[PDB]
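# Sequence, then structure. It's an experimental one.
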Amino acid sequence: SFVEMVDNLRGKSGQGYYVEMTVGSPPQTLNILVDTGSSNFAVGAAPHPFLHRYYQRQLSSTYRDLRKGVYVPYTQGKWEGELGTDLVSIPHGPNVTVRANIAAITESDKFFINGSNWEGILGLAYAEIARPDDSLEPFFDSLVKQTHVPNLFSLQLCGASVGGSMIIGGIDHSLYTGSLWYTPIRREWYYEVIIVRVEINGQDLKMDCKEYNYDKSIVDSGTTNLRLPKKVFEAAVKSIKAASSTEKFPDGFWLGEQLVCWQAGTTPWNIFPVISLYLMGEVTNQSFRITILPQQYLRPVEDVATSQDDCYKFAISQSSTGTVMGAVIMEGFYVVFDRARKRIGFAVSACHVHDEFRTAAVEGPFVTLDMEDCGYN
Ligand SMILES: CCN1CCCCC[C@@H](C)C[C@@H]([C@H](O)CNCc2cccc(C(C)C)c2)NC(=O)c2cccc(c2)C1=O
């Protein structure tokens, strides 16, 4: 019964993917951003200039107040609110209703996005990073505990405004081609993984592989960009600049601020390199790689001036809290969050990018010694 969940995600480019949900009795419909980078389920519950609707606890006969406050500060944005529980369902999801923790957002700062069409956030990661502490059971843990839904979900994030699928409870084999390749979940807090090698256009960055995971590497559907630790970011940009030096870009472009444009259909994809991320595999001394096309890390944005050109933003950013494999990395892959087996699977998505001479790929096996040394402690 996974066909009912195909295409259950929507969104606007750079503004997050959301799934429709209902909370309360009678059911109140809300669009909820899907976030593997956090673990709180929270919805707007008070007016806000960017909210078209919000959760009204007063209108829900099943609402239960927990008489405890909560706040969550993210890398970008923060909110505070009141904890409580209520009945929750996913119309284009499993045919079940669960009682789950809900943070009723009463104040927020740079959290909600104007015109994004979502009013809440579904943190899919583990209790260890839940606020106020790990005793606030995350939504997916409640779903698994209260129903027969298997302990896994998969995300098919599709590019161009955007759509995708969140298959709750399994793997939909029509959404990918080739084989699934699995990397261990290093520790169950974020969806933490270990990157063991990085190549740009086939050239090894030749850094201490610990630099790639300093101080961690996570899979984060709630972040648009690929985010890299300072030292890795500088090396990647230096290499990407050199590969595309035949064209001029303002240095604000390389900071993700100012956009670059080209005459419609003349974007010089060939001068931007492919990025290969090698991930720790399932067997001794074995890894595999996912290859990222420039169509993934050059995000198309709306044209500020006359909508004649093709304009893009550089979707790779510097991080001070480790590597973040954001939505643009996940797009074009089918990503399986196999919580039951403590692993994350990658396969080429059915909604893959269509470059002329290059193709995004998930390839293995590769031999890589001392992979454990790549993890930071
Ligand atoms: C998709 C557009 N947007 C903004 C999305 C706004 C709404 C979701 C957005 C608060 C979740 C977190 C996501 O959870 C972060 N994951 C790691 C993390 C970092 C610090 C603290 C925590 C704990 C709460 C667990 C977790 N994302 C960000 O911060 C973020 C930053 C920069 C750009 C963007 C998002 C973006 O591209």
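Ah, there it is. Numbering: from 1, shown residues only.

# List the contacts of the residue of the stretch 1-150 of the chain found nearest the ligand.
Residue nearest to the ligand within the stretch 1-150 of the chain (CB to the nearest ligand atom): residue 37, separated by 2.8 Å. Yep, even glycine has a C-beta here, placed from its N, CA and C like the rest. Residue 37 sits next to 74, 123, 125, 190-191, 218-223, 324 when contact means CB atoms under 8 Å, 6 or more residues apart in numbering.

# Around the ligand, pick out the residues from this structure.
14-16, 33, 35, 37-38, 72, 74-77, 121, 129, 220, 222-224 (CB under 6 Å from any ligand atom).

# measure the most centrally placed residue in the chain to residue 240 for me?
The centre of the chain sits closest to residue 221, judged by CA atoms, centre = their mean, with a distance of 1.1 Å. Counting by CB to CB, to the nearest Å, the separation of residue 221 from residue 240 is 24 Å.

# same check, this time on residue 126
On the measure of CB to CB, residue 126 and residue 240 end up 33 Å apart.

# Now do the SS call for the closest residue to residue 353 other than its chain neighbours.
In space, not counting the residues next to it along the chain, residue 353 is nearest to residue 295; the distance is 4.6 Å by CB to CB, 6 or more residues apart in numbering. Under the three-state scheme (DSSP: H, G, I helix; E, B strand; the rest coil), the conformation of residue 295 reads as helix.

# Could you pull up the contacting residues of residue 295?
By CB under 8 Å, 6+ apart, residue 295 lies in contact with 159, 269, 353, 355.

# Chain neighbours aside, what residue packs nearest to the first one?
The shortest distance from residue 159 to any residue that is not its chain neighbour, by CB to CB, 6+ apart, is 5.0 Å, and that residue is residue 331.

# So the one you found sits against residue 158, correct?
Yes - taking contacts as CB atoms under 8 Å, residue 331 lies within contact range of residue 158: 6.6 Å.

# quick one on the thing from earlier: how about the contacts of residue 37 in JSON lines, adding secondary structure and distance to residue 84?
Rendered in JSON lines, the data for the contacts of residue 37 read as follows (DSSP: H, G, I helix; E, B strand; the rest coil; distance: CB to CB, whole Å):
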{"residue": "74", "secondary structure": "coil", "distance to residue 84": "21"}
{"residue": "123", "secondary structure": "strand", "distance to residue 84": "16"}
{"residue": "125", "secondary structure": "coil", "distance to residue 84": "21"}
{"residue": "190", "secondary structure": "coil", "distance to residue 84": "25"}
{"residue": "191", "secondary structure": "strand", "distance to residue 84": "27"}
{"residue": "218", "secondary structure": "strand", "distance to residue 84": "28"}
{"residue": "219", "secondary structure": "strand", "distance to residue 84": "29"}
{"residue": "220", "secondary structure": "coil", "distance to residue 84": "27"}
{"residue": "221", "secondary structure": "coil", "distance to residue 84": "25"}
{"residue": "222", "secondary structure": "coil", "distance to residue 84": "23"}
{"residue": "223", "secondary structure": "coil", "distance to residue 84": "27"}
{"residue": "324", "secondary structure": "strand", "distance to residue 84": "30"}
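
# can you pick the most crowded of those residues?
When neighbours are taken as other CB atoms under 10 Å, the top entry among the contacts of residue 37 is residue 221 (30 neighbours).

# Kindly provide the distance from the closest residue to that one other than its chain neighbours to residue 62.
Leaving out its chain neighbours, the residue that sits closest to residue 221 by CB to CB, 6+ apart is residue 36, at 4.4 Å. If you measure residue 36 against residue 62 using CB to CB, the figure is 27 Å.
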